[PDB]
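Report on one structure; see the data block that follows.
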Amino acid sequence: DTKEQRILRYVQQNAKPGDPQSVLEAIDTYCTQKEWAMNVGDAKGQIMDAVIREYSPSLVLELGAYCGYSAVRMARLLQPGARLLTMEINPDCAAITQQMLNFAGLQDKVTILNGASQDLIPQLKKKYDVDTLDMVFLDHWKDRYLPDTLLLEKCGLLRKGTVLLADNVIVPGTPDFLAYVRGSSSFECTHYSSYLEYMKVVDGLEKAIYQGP
Ligand SMILES: Nc1ncnc2c1ncn2[C@@H]1O[C@H](CSCC[C@H](N)C(=O)O)[C@@H](O)[C@H]1O
Ligand SMILES: O=c1[nH]cnc2c(O)cc(-c3ccc(F)cc3)cc12
Ligand SMILES: [Cl-]
Ligand SMILES: [Mg+2]
């Protein structure tokens, strides 16, 4: 079996069904004591929780699901009837994420879309009945962050106040995306310095709030 399958099985055997916080703790314990994995983790996750609670977004888009850690982390703090869509290119990972959300009791709040972000984004309005997004979590692949931000804008999915939250802007790093948002009048940017998941290595989140054309 794969690392991701082992993480899910660990959850299943060391967390409580229906209890999101127990799911996060189990994933964090496994990835600290057994095998590292690229979940946003607890240090950055606490900054993410702070953001979610500030904005209480009704519709969140996540780019990059992996095993579902971040989807559990966000979806557990959404208000009733609020929703998360998450896009995942790797079908094995999509199936793990679904099972993770199911285990957590969050499946009614989350839709996992199996496909590439750049193919799915153009289908959100007509196929997923989306108007505009309240928040975007970018956490898929460093080289897609800029192109997919620009695509989201093109497709009319951002509105004044939409919150872009970007993982890994330091490690692996996303220099094109950062230089672009920081230098654009269309974005109000703040940097949240932290650590790479499970590691004593500096990393951070970028918050970029869309301000209109
Ligand atoms: N273009 C793309 N579209 C969708 N998913 C992508 C993608 N490029 C990479 N990915 C997916 O992005 C994920 C990065 S890891 C995501 C971690 C997750 N947000 C968490 O914190 O728990 C991987 O599962 C990878 O398959
Ligand atoms: O590719 C990644 N996508 C999404 N999130 C990531 C993430 O949080 C960490 C890393 C990562 C960081 C250091 C390293 F040595 C190897 C991989 C990659 C991704
Ligand atoms: Cl951590
Ligand atoms: Mg990440």
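Counting starts at 1 for both ligands and their atoms, in listed order. Numbers for residues simply follow the sequence, beginning at 1. Scope of the values below: all heavy atoms of this structure, side chains included, with no hydrogens, waters or symmetry mates.
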Please write out which residues are connected to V202 in a hydrophobic cluster, directly or through intermediates, given that two of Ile, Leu, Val, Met, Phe, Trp, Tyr count as joined at side-chain heavy-atom separations below 4.5 angstrom.
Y195

Between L61 and the options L84, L124, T86, the side chain to side chain contact (heavy atoms under 4.5 Å, CB included) test singles out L124

Matching residue for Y69 among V11, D139, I7, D28 - test: side chain to side chain contact (heavy atoms under 4.5 Å, CB included):
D28

2.8 Å cut-off (strict), protein N, O or S atoms about the Mg ion (ligand 4):
3

Ligand 2 N/O to protein N/O, distances under 3.5 Å:
unit_1	atom_1	unit_2	atom_2	d
ligand 2	3 (N)	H140	O	2.8
ligand 2	5 (N)	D139	OD1	3.0
ligand 2	5 (N)	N168	OD1	2.9
ligand 2	8 (O)	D167	OD2	3.3
ligand 2	8 (O)	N168	OD1	2.9
ligand 2	8 (O)	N168	ND2	2.8
ligand 2	8 (O)	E197	OE1	3.4
ligand 2	8 (O)	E197	OE2	2.5

Are any of the side-chain nitrogens in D49 or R76 under 4.0 Å away from the carboxylate oxygens of its partner?
yes

Atom OH in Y66, atom CD in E4: separation rounded to 0.5 Å?
3.5 Å

Assess the side chains of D176 and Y145: does a donor N or O sit below 3.5 Å from an acceptor N or O?
no

More than 12 foreign heavy atoms under 6.0 Å from NZ of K154: is that the case here?
no

Please list all pairs meeting salt bridge (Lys or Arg N to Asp or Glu O under 4.0 Å) that have one or both residues in residues 81-106, counting only residues at least two apart or in different chains.
none

Nearest 0.5 angstrom please: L120 CG to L85 CG, how far?
10.0 Å

